[PDB]
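Under the deposited numbering, the residues of the sequence shown are numbered 21 to 536, in order. These notes concern the structure reproduced below.
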Amino acid sequence: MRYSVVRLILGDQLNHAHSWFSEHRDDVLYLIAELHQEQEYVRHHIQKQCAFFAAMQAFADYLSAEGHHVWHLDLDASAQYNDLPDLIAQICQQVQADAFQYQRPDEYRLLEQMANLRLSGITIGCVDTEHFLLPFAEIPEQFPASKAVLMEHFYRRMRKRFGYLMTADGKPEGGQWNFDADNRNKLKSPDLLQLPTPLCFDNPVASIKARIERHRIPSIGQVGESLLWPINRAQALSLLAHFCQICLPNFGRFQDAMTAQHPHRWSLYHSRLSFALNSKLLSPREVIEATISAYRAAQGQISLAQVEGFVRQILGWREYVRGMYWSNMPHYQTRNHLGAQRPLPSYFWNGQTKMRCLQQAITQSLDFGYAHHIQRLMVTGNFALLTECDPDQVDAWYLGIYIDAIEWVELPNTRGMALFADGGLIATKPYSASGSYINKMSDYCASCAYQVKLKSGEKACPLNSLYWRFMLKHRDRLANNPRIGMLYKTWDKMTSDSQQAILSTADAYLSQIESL
Ligand SMILES: Cc1cc2nc3c(=O)[nH]c(=O)nc-3n(C[C@H](O)[C@H](O)[C@H](O)COP(=O)(O)OP(=O)(O)OC[C@H]3O[C@@H](n4cnc5c(N)ncnc54)[C@H](O)[C@@H]3O)c2cc1C
Ligand SMILES: Cc1nc2c(=O)[nH]c(=O)nc-2n(C[C@H](O)[C@H](O)[C@H](O)CO)c1C
Ligand code: SF4
Ligand SMILES: [Cl-]
Ligand code: NA
Ligand code: NA
Ligand code: NA
Ligand code: NA
Ligand code: NA
Ligand code: NA
Numbered sequence: 021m022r023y024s025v026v027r028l029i030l031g032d033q034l035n036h037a038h039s040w041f042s043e044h045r046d047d048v049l050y051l052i053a054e055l056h057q058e059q060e061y062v063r064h065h066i067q068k069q070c071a072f073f074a075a076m077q078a079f080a081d082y083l084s085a086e087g088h089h090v091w092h093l094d095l096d097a098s099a100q101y102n103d104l105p106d107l108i109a110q111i112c113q114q115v116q117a118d119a120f121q122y123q124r125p126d127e128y129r130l131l132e133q134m135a136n137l138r139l140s141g142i143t144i145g146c147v148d149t150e151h152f153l154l155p156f157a158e159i160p161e162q163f164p165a166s167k168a169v170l171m172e173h174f175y176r177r178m179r180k181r182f183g184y185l186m187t188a189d190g191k192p193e194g195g196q197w198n199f200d201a202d203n204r205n206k207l208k209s210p211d212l213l214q215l216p217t218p219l220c221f222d223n224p225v226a227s228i229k230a231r232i233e234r235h236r237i238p239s240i241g242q243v244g245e246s247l248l249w250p251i252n253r254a255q256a257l258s259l260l261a262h263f264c265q266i267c268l269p270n271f272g273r274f275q276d277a278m279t280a281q282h283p284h285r286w287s288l289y290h291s292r293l294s295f296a297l298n299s300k301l302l303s304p305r306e307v308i309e310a311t312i313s314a315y316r317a318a319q320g321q322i323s324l325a326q327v328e329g330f331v332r333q334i335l336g337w338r339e340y341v342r343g344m345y346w347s348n349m350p351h352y353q354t355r356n357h358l359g360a361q362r363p364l365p366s367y368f369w370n371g372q373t374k375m376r377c378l379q380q381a382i383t384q385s386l387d388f389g390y391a392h393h394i395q396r397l398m399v400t401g402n403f404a405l406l407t408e409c410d411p412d413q414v415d416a417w418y419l420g421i422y423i424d425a426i427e428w429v430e431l432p433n434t435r436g437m438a439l440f441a442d443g444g445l446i447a448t449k450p451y452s453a454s455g456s457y458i459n460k461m462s463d464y465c466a467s468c469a470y471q472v473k474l475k476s477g478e479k480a481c482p483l484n485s486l487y488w489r490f491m492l493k494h495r496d497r498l499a500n501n502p503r504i505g506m507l508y509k510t511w512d513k514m515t516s517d518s519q520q521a522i523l524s525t526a527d528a529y530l531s532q533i534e535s536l
């Protein structure tokens with residue numbers, strides 16, 4: 021018989037600056053819980069379970085130190101309840117609450133579950149997470165349903181609205197909006213010798229792993245005794261500072277680069293802030309502001325391309341995919357424009373493929389819970405696009421295996437940008453590529469069993485023929501765009517014999533897809 025108000029904090033709601041905490045109330049109880057149900061909607065990476073569980077406990081500790089009343093329920097405690105609604109209802113009854121409040125969730129499934137909660141004698145309210153730049157209530161106007169809103173136009177509007185990288189008279193700093201064309205370098209040997217050591221934390225996780233195991237919770241991937249990912253706001257801020265000082269000067273330059281050689285190949289110059297942002301340990305405003313401040317203080321050593329390249333991903337892509345998700349869900353999750361139905365190959369779960377590119381991206385995903393963007397898009401994403409993998413199966417892999425994956429951001433990037441299964445709603449054109457793209461941006465083909473210079477026959481890079489088979493299959497859909505039509509000239513110039521050898525090689529590789 022003890023609290024008037026119960027307030028839930030979900031595992032991705034770790035915003036230390038939330039207005040709830042701006043006052044101290046002895047009549048308010050905060051609840052944060054490890055939840056079996058949140059392990060059952062997809063099979064998560066063990067490192068993702070460890071990171072969220074560690075971060076939820078660390079946030080509870082922060083709140084308690086600040087004088088808030090907080091109960092953190094680990095799986096041993098939460099297993100007494102049937103699901104999250106039962107946990108809420110029983111605890112509200114236990115403490116004789118008059119009111120229950122929660123922060124709006126960031127997946128459709130959970131927003132719907134909480135919206136349908138009814139508690140006898142208890143008033144329920146839903147508040148914002150106080151994190152994203154675009155207010156949730158503006159999504160319907162900014163993102164009309166089933167409309168292919170152009171990310172670039174939304175990004176320019178966001179640049180003007182928030183003032184980031186804008187001139188005093190309202191123009192983009194540097195004479196253009198988007199510096200992506202300057203951000204397409206491959207790492208050469210001297211660049212590899214200069215790669216910085218990624219900032220890795222030492223967060224022990226043996227007890228968390230043992231608790232997960234005791235509850236027979238399924239997971240994918242691997243972890244040792246220590247988790248390298250930030251699990252509290254101080255570690256996240258330290259990663260942000262590391263990024264600004266050590267990585268931001270080359271972030272754009274090598275944004276699309278991949279290497280099989282260097283020990284730090286899994287991180288390169290990326291920020292690795294996505295988990296910290298998506299769990300709301302950091303806000304996008306503070307990350308943007310920190311990186312712009314570092315740029316301005318570097319007196320030319322951080323070029324504008326680096327910081328615009330970074331800001332575009334947070335102010336532009338991240339806010340954009342959120343808007344498109346909420347405007348188009350739940351129908352969006354049914355879209356399969358290209359009719360893709362192939363099973364995801366088994367080496368997505370173990371890395372046992374002879375394609376060096378796929379082997380590197382899958383193995384790092386399994387071993388780190390993380391792949392950088394060009395791997396997600398142009399290595400595993402392109403492969404799943406060209407081989408027509410079932411989007412439901414692809415979504416389950418991406419949403420589970422990456423520590424930063426929550427559906428609002430996974431689904432538009434995977435089903436939309438990578439698989440083109442929304443017919444271009446999210447990103448306009450398919451991101452299809454042959455092995456020539458991988459060879460241009462990476463050193464993978466120099467350490468591969470296949471020959472990237474061969475399109476057909478024995479030992480040819482499978483991407484080379486799978487690319488043409490895909491583009492020819494969809495020629496009528498895609499030839500209306502004029503720039504891609506050029507690609508069909510490269511094809512139409514080939515002999516009948518060569519065209520046929522390529523399509524025959526593609527079909528053979530698909531029939532043997534488990535062996536690639
Ligand atoms: C198929 C596919 C699936 C993806 N699934 C996810 C996912 O589940 N969660 C996720 O956060 N990102 C996802 N991304 C986007 C992007 O690849 C990751 O944000 C990025 O790899 C995270 O690494 P980082 O923090 O080092 O990013 P950096 O390269 O340092 O980029 C800076 C920040 O920009 C943001 N960002 C970059 N690209 C995007 C994007 N396309 N959409 C949204 N935010 C972006 C993130 O906040 C990131 O921390 C996906 C991309 C693809 C192509
Ligand atoms: C692995 C995981 N575990 C939990 C948990 O046990 N409890 C919790 O409150 N949240 C967890 N999360 C985050 C949620 O599954 C879900 O993705 C977000 O709350 C959506 O906004 C995740 C991702
Ligand atoms: S040759 Fe083809 S399969 Fe091998 S690394 Fe290059 S792109 Fe990947
Ligand atoms: Cl070189
Ligand atoms: Na359940
Ligand atoms: Na306390
Ligand atoms: Na070279
Ligand atoms: Na991106
Ligand atoms: Na779903
Ligand atoms: Na685009």
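Where a beta carbon is used, it is the ideal one built from N, C-alpha and C, also for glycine.
Nearest-angstrom Cβ-Cβ length linking residue i and residue j, presumed shorter than 8 Å
i           : j           : result
residue 405 : residue 368 : No, residue 405 and residue 368 are not in contact; Cβ-Cβ is about 14 Å, not under 8 Å.
residue 149 : residue 124 : 6 Å
residue 307 : residue 260 : 6 Å
residue 62  : residue 420 : 5 Å
residue 522 : residue 456 : Not really, about 13 Å apart at Cβ, beyond 8 Å.
residue 526 : residue 467 : 23 Å between Cβ atoms; not a contact.
residue 263 : residue 294 : Not really, about 12 Å apart at Cβ, beyond 8 Å.
residue 430 : residue 410 : At roughly 16 Å, the Cβ-Cβ gap does not stay under 8 Å, so residue 430 and residue 410 are not in contact.
residue 235 : residue 95  : 5 Å
Residue i beta carbon near ligand 4 (any heavy atom closer than 7 Å)
i           : result
residue 180 : no
residue 167 : no
residue 209 : yes
Rounded C-alpha distance that separates residue i from residue j
i           : j           : result
residue 58  : residue 193 : 43 Å
residue 75  : residue 252 : 6 Å
residue 487 : residue 454 : 5 Å
residue 48  : residue 93  : 17 Å
residue 412 : residue 177 : 33 Å
residue 353 : residue 432 : 9 Å
residue 539 : residue 502 : The displayed coordinates of the chain run from 21 to 536. Any statement about residue 539 would go beyond what the structure contains.
residue 249 : residue 228 : 15 Å
residue 349 : residue 316 : 40 Å
residue 310 : residue 126 : 25 Å
residue 146 : residue 120 : 9 Å
Whether residue i touches residue j by CB criterion (8 Å)
i           : j           : result
residue 347 : residue 165 : yes
residue 424 : residue 223 : no
residue 442 : residue 355 : yes
residue 272 : residue 171 : no
residue 451 : residue 377 : no
residue 305 : residue 175 : no
residue 438 : residue 397 : yes
residue 115 : residue 22  : yes
residue 280 : residue 380 : yes
residue 269 : residue 214 : no
residue 395 : residue 278 : yes
residue 154 : residue 162 : yes
residue 65  : residue 303 : no
residue 341 : residue 426 : no
residue 276 : residue 461 : yes
Residue i: CB within 7 Å of a non-hydrogen atom of ligand 6
i          : result
residue 90 : yes
Cross-strand partners of residue i (DSSP beta bridge)
i           : result
residue 240 : 65
residue 122 : 28, 146
residue 91  : 51
residue 247 : 223
residue 192 : 186
residue 480 : 471
beta-carbon residue i near ligand 1 non-hydrogen atom, thresh 7 Å
i           : result
residue 349 : no
residue 33  : no
Closer than 7 Å: residue i CB and nearest ligand 5 heavy atom
i           : result
residue 60  : yes
residue 290 : no
Any non-hydrogen atom of ligand 2 closer than 7 Å to residue i Cβ
i          : result
residue 72 : yes
Contact test: residue i Cβ vs ligand 8 heavy atom, cutoff 7 Å
i           : result
residue 392 : no
residue 428 : no
residue 197 : no
residue 337 : yes
Proximity test, residue i beta-carbon vs ligand 10 heavy atom, cut-off 7 Å
i           : result
residue 434 : no
residue 344 : no
Residue i beta carbon near ligand 9 (any heavy atom closer than 7 Å)
i           : result
residue 128 : yes
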